[PDB]
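Single-structure report; data block below.
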There are 2 protein chains.
Amino acid sequence: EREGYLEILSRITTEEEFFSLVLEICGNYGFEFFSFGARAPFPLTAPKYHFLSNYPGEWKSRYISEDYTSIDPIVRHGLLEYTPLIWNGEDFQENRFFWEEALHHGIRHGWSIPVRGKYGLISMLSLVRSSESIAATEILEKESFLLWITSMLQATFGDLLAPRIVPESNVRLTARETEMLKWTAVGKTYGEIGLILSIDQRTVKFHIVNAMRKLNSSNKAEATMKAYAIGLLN
Amino acid sequence: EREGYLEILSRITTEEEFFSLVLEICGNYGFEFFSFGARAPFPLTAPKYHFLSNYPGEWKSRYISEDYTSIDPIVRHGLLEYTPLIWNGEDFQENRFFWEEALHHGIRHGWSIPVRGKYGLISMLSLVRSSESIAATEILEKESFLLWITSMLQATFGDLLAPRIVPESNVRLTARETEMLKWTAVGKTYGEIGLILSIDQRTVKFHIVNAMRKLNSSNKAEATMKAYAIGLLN
Ligand SMILES: CCCCCCCC[C@H](CCCCCC)C(=O)N[C@H]1CCOC1=O
Ligand SMILES: CCCCCCCC[C@H](CCCCCC)C(=O)N[C@H]1CCOC1=O
């Protein structure tokens, strides 16, 4: 019965409601641990992650002290692939010090679902349990639903914490500013853009500086990458 | 019940076989028309679209001869939103000239499903019929399936046409080349990256030129944007 959920998320307006709802859905389908992580496209060098999980307090603090995101293969699947993943904490060969430590906190049998979202958000819903591997008969029972709720969860989580982790989501670029960045994306100089758009060079640099301040960028190369990562150049 | 589909998609190796499968799904689920479109990220200025629909031929030619891609609010929804959409051509207030002609050819009640995929491909499956609105009972009946088949279809549509519509999808970047472009994204110079990474400046320029040649780009700014759009910079 997925009809009742559509009204639940239509009224949720805080993290604690999101922290409580995903926890309730985590247990309603036979899972003890959940982890809804989102990867903002900023900063473009080392992007910032934001997780909301009920993992043990020792694990929620140890995951950040050693930068486990750079070695976690569960994060890697959501970054390069677009399909769900069924994983058992004992199968992975590399990063044994990470999995031998993760298996201690009851993070063994899990189900992670990567989804894309607005403003360049690469989110993923992960429901983990310390018992019973997920078989093919259990997957096809809840596969189509968990794919649907993952898109709905990240959609509400999107509009909820976008102004926090993606402050440039509220940026609106004018028609001139957008085409200035579209041509800066292909490495056009101010003079090359002038001949393309048939205006003066000082008018090309004009809209660039305004777009950089809107996107809170220090140069036009970073502003263009920022505008593209959010979707202002689609 | 999807065992035929999951086997059919594995057998499909041509663009004509893909048209037949989507036409079978379009009718098996109570619709007259379908449209599957994919947007390659290149060129970054005006990206090229590729459609496959059984719309009336008069509409298909008018859609391209008048460049309806720029004004179609369904196209705008798929680029900016990540959730399914139920639309009725008679509800829209703006772009009436576009909707009155689509309603003329029977494109009235539609169901559009945007999906993201490898190599920066943005795809969307649309199911349209000229009568009988899509009620809430009908949506909760087959939305989970239509969400699932759209992800499978775009995966096949990718492998089918990615070597043609995104030629840089076969490009693989090394670790050094990847991080050179990561710092080039934020406007760093050759010397700044060399100090940041504690490597010789000539080695930085070395990997940059190689990445430009692999990604078929004339300047490092364009190559950086190309690598990001394909997902090489994640
Ligand atoms: C996939 C794109 C970004 C999404 C990141 C979330 C995926 C990995 C999360 C990280 C949990 C960190 C919580 C600290 C408070 C996850 O579910 N990891 C699992 C898998 C291995 O052990 C875990 O804890
Ligand atoms: C989001 C990724 C891009 C997907 C492009 C397709 C979306 C819109 C399609 C276009 C069909 C073009 C066929 C002629 C070649 C679509 O079905 N649009 C509908 C909406 C209203 O009238 C249409 O034609």
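We label chains A, B, ... in the order they appear in the structure tokens, count residues from 1 in each chain, and number ligands from 1 in the order shown.
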
- [ ] Can you check which residues of stretch 9-220 of chain A DSSP gives as strand (DSSP E or B) on the backbone and send them as a PyMOL selection string?
- [x] chain A and resi 33-39+49-53+85-88+109-116+122-129

Contacts of residue B:217 within 9 Å, only C-alpha atoms, excl. fewer than 6 positions in-chain, as an MDAnalysis selection string:
(chainID A and resid 186) or (chainID B and resid 211 223 226)

How would the residues just picked look written out with C-alpha atoms as a PDB file, in the first residue's frame?
```pdb
ATOM      1  CA  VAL A 186      33.673  24.995 -24.384  1.00  0.00           C
TER       2      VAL A 186
ATOM      3  CA  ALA B 211      43.020  13.946 -21.694  1.00  0.00           C
ATOM      4  CA  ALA B 223      37.768  18.687 -22.038  1.00  0.00           C
ATOM      5  CA  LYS B 226      33.155  16.869 -21.303  1.00  0.00           C
TER       6      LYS B 226
END
```

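Relative to atom CA of residue B:169, atom CA of residue B:119 is found at 5.8 Å.
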
Compute the set of protein, DNA and RNA residues whose minimum atom distance to ligand 2 is at most 9 Å, using only C-alpha atoms and all ligand atoms, and state it as an mmCIF file with C-alpha atoms, in the first residue's frame.
```
data_model
loop_
_atom_site.group_PDB
_atom_site.id
_atom_site.type_symbol
_atom_site.label_atom_id
_atom_site.label_comp_id
_atom_site.auth_asym_id
_atom_site.auth_seq_id
_atom_site.Cartn_x
_atom_site.Cartn_y
_atom_site.Cartn_z
ATOM 1 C CA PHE B 33 1.287 6.492 -28.759
ATOM 2 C CA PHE B 34 4.729 6.234 -27.203
ATOM 3 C CA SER B 35 7.860 8.342 -27.415
ATOM 4 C CA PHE B 36 11.343 7.438 -26.188
ATOM 5 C CA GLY B 37 13.826 10.307 -26.370
ATOM 6 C CA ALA B 38 17.426 10.544 -25.203
ATOM 7 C CA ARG B 39 19.551 13.679 -24.854
ATOM 8 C CA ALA B 40 23.273 13.340 -25.334
ATOM 9 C CA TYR B 49 18.211 14.831 -29.195
ATOM 10 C CA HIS B 50 17.225 11.432 -30.576
ATOM 11 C CA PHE B 51 13.574 10.364 -30.539
ATOM 12 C CA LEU B 52 11.719 7.153 -31.353
ATOM 13 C CA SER B 53 7.939 7.547 -31.451
ATOM 14 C CA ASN B 54 4.862 6.246 -33.247
ATOM 15 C CA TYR B 55 3.239 9.697 -33.191
ATOM 16 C CA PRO B 56 1.370 10.725 -36.353
ATOM 17 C CA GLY B 57 3.970 11.420 -39.012
ATOM 18 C CA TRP B 59 3.258 15.677 -35.891
ATOM 19 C CA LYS B 60 6.706 14.051 -35.875
ATOM 20 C CA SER B 61 7.875 16.224 -38.767
ATOM 21 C CA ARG B 62 6.260 19.364 -37.338
ATOM 22 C CA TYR B 63 7.913 18.689 -33.970
ATOM 23 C CA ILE B 64 11.366 18.927 -35.570
ATOM 24 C CA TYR B 68 9.398 22.026 -30.439
ATOM 25 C CA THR B 69 12.138 20.573 -28.211
ATOM 26 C CA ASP B 72 7.952 21.368 -24.916
ATOM 27 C CA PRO B 73 7.190 21.522 -21.165
ATOM 28 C CA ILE B 74 7.493 17.735 -21.020
ATOM 29 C CA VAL B 75 11.070 18.040 -22.292
ATOM 30 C CA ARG B 76 11.624 20.753 -19.679
ATOM 31 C CA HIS B 77 10.198 18.456 -16.997
ATOM 32 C CA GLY B 78 12.498 15.568 -17.891
ATOM 33 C CA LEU B 79 15.599 17.769 -17.898
ATOM 34 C CA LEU B 80 14.878 19.480 -14.568
ATOM 35 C CA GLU B 81 12.765 16.911 -12.696
ATOM 36 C CA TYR B 82 13.504 13.283 -11.854
ATOM 37 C CA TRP B 87 -0.243 15.514 -17.993
ATOM 38 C CA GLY B 89 -2.820 18.717 -22.932
ATOM 39 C CA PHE B 98 2.010 23.905 -29.248
ATOM 40 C CA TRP B 99 -0.757 22.147 -27.311
ATOM 41 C CA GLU B 101 -1.679 21.188 -32.510
ATOM 42 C CA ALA B 102 -0.722 18.226 -30.313
ATOM 43 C CA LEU B 103 -4.342 17.878 -29.178
ATOM 44 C CA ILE B 107 -1.749 13.691 -28.049
ATOM 45 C CA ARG B 108 -3.943 14.414 -25.011
ATOM 46 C CA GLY B 110 0.247 11.346 -21.423
ATOM 47 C CA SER B 112 6.185 10.597 -19.018
ATOM 48 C CA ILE B 113 8.993 8.915 -17.074
ATOM 49 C CA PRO B 114 12.409 10.640 -17.010
ATOM 50 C CA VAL B 115 15.452 8.512 -16.185
ATOM 51 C CA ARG B 116 19.192 9.099 -15.942
ATOM 52 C CA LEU B 121 22.299 10.260 -21.203
ATOM 53 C CA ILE B 122 18.959 11.726 -20.098
ATOM 54 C CA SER B 123 16.145 9.506 -21.377
ATOM 55 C CA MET B 124 12.376 9.571 -20.975
ATOM 56 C CA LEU B 125 9.568 7.171 -21.867
ATOM 57 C CA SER B 126 6.210 8.772 -22.679
ATOM 58 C CA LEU B 127 2.916 6.913 -23.112
ATOM 59 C CA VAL B 128 0.052 8.877 -24.668
#
```

Select, as an MDAnalysis selection string, those residues of chain B with any atom no more than 8 Å from chain A (distances computed using only C-alpha atoms). chainID B and resid 44:45 79:83 116:118 140 144:145 147:148 182:187 219:223 225 231 234

task: Can you check which residues of stretch 13-227 of chain A DSSP gives as helix (DSSP H, G or I) on the backbone and send them as a PyMOL selection string?
output: chain A and resi 15-28+57-65+68-70+73-80+96-105+118-120+136-165+167-170+175-184+190-197+201-214+220-227

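You can rank A:206, A:157, A:111, A:190 by their closest distance to ligand 1 using only C-alpha atoms and all ligand atoms, and at the top of that list sits A:111.
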
Here atom CA of residue B:192 and atom CA of residue B:208 stand apart by 13.6 Å
